[PDB]
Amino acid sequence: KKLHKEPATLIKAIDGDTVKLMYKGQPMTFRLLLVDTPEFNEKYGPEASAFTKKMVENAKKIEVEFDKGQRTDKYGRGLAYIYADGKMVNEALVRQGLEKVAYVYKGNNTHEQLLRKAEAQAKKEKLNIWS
């Protein structure tokens, strides 16, 4: 069975992989699935943040797509794929070499191959975090 998208409104972009959204009428902090800043290098943190911010702010429509596993993490943050006018922020960050694939767990790994495909290209290009 496929996942489903639900509407949400931007409240504020926080950093490369955290955004605060109005979801089902309530403010909620969302952590993007399947991505992280490199473990030992935050050189591209500000660029990643700016990128996410531009993408979500310029969007006419933001959508939340939960996966089949845990919907919130140990902090109560929502765990989702976030779309901006149909473009997956999570995927975009990875194809641009701004964040890498990370935190890959059964149930919450529907888009794992998709993001790994994007990451492979970024890696090949030695782009940003892969330089």
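When you see a residue number, it is the position in the sequence shown, counting from 1.
The stretch 58 to 66 shows the higher mean C-alpha B-factor when 91 to 99 is compared against 58 to 66 in the entry. Here 100 to 108 and 44 to 52 are compared by their mean Cα B-factor, and 100 to 108 comes out higher. For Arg116, the recorded CA temperature factor ranks within the middle third of the chain's modelled residues. Sorting the modelled residues of the chain by their CA temperature factor places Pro27 in the highest third. When the CA B factors of the chain's modelled residues are split into thirds, the value for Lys74 lands in the middle one.
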